[PDB]
Amino acid sequence: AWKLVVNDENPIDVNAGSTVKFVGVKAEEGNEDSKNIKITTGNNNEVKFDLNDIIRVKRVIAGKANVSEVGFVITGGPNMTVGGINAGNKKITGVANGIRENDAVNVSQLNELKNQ
Amino acid sequence: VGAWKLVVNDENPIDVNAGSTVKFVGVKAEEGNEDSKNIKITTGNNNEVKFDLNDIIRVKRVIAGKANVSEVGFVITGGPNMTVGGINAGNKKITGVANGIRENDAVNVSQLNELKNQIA
Amino acid sequence: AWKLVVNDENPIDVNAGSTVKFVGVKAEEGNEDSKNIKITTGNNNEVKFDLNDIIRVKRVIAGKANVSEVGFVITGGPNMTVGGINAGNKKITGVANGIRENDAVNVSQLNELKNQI
């Protein structure tokens, strides 16, 4: 027999005739397509590990950038949440001229009015 | 060592005998890019098999409650979005906007008020 | 003994009495709850693999959409970064009337003035 230790847990004894099972945990209980870790096998019995095309988490952190249930947040910077967009006391650039009533307007549009 | 079996998500067992080799592999997300294995599997000391994410992960969707990342961009369900076709402010105000300067910068209320003072 | 080959690495030899350890790597050295890959065991000793509820990476790529240390970027399109927001040379829609000095203004508010002046 050999022993399999997962992180800090007590060893699993693997005897002759024993079965070891690997399981991708389902994020959503009825949904076999909801396993965040996708474990499959190859033609030569290779055990293959990947991510699901769709991953379900509570939070993604990449430096100051956060994705979570509240929205898209840059620590100390802009954000987008259910209550709307905060531009972080910075300019918003690359804005095409607004057309509909609830489109944003840009500097060029303010200037047009200023000359009429 | 005794002969044992490995069952992966209820696949038919893989029988492992004395003399057998078992391979674990991280799948490449991008066909020809060796650096694109989302699951980073390595070996260290003391027969440790170490599992982590790649520094760069490649997926089609991230779901974190009502916040969604996808090939179209960044969406809050029932809220604003920033997607390929543009920003949708979600029928909410946009706050914290510094004064626009270039012709394609957004303007703020302070600037609209400056104009009101200038025209008539 | 049997051998374990992980990707292109040298084989590990597993004899009778050997131990193999599976470990989640900590994303942050001081945080034992920062292991991106969550490995646990079930009530019949199944080895269960999942993601941490909180994952820490340098970049997520979903097609043109990127999450990274600079912020939220659509390649060739809109972005929201440490330096502010770019609207992608497209219109911004769904903007409620600005109120406070640093709120954005919409077409309706520009027209309201035009009708007064």
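The sequence lines fix the lettering, A, B, ..., with proteins before strands; numbering per chain opens at 1.
Contacts of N54(B) with chain C are made by backbone atoms alone, with heavy-atom separations under 4.5 Å and no side-chain atom involved. Contacts between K21(C) and chain B at a heavy-atom distance below 4.5 Å involve backbone atoms as well as side-chain atoms. When heavy atoms are compared at a cutoff of 4.5 Å, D53(C) does not approach chain B at all. Heavy atoms closer than 4.5 Å to chain C are found in the side chain of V62(B), but not in its backbone.
Between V67(C) and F74(B), the shortest heavy-atom contact is CG2-CE2, 3.8 Å. In this structure, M82(B) and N79(C) approach most closely via the heavy-atom pair SD-C, 3.5 Å. Nearest heavy-atom pair, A87(C) versus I87(B), reported as atom, atom and distance to 0.1 Å: CA-CD1, 3.9 Å. When all heavy atoms of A65(C) and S70(B) are compared, the closest pair comes out as CB-O, 3.2 Å. Contact detail for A104(C) and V97(B): the closest heavy-atom pair is N-CG2, 4.1 Å. Nearest heavy atoms, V84(B) versus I74(C): N-CD1, 3.7 Å.
Each of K92(B), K37(B), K60(B) has some count of heavy-atom pairs under 4.5 Å with chain C, and the biggest count is that of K92(B). For the options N86(C), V73(C), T93(C), heavy-atom pairs under 4.5 Å to chain B are most numerous at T93(C).
For the pairing with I94(B), the side chain to side chain contact (heavy atoms under 4.5 Å, CB included) check across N106(C), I92(C), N102(C) returns one residue only, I92(C).
One N or O on the side chain of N7(C) and one on the backbone of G26(B) form a donor-acceptor pair closer than 3.5 Å.
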**Asked** Passes side-chain contact (heavy atoms from CB on, under 4.5 Å), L51(C) versus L53(B)? Steps please.
**Response** CA-CA 9 Å; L51(C) 291 167; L53(B) 292 175; 4.0 Å; yes

**Request:** Output, in order, the C-alpha distance, side-chain angles, deciding distance and verdict of side-chain contact (heavy atoms from CB on, under 4.5 Å) for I57(B) and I55(C).
**Result:** CA-CA 11 Å; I57(B) 59 169; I55(C) 61 165; 4.1 Å; yes

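Applying a 4.5 Å heavy-atom cutoff, the residues of residues 39-50 of chain C that approach chain B are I39(C), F49(C).
To the nearest 0.5 Å, atoms CD (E34(B)) and CG (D8(C)) are separated by 6.5 Å.
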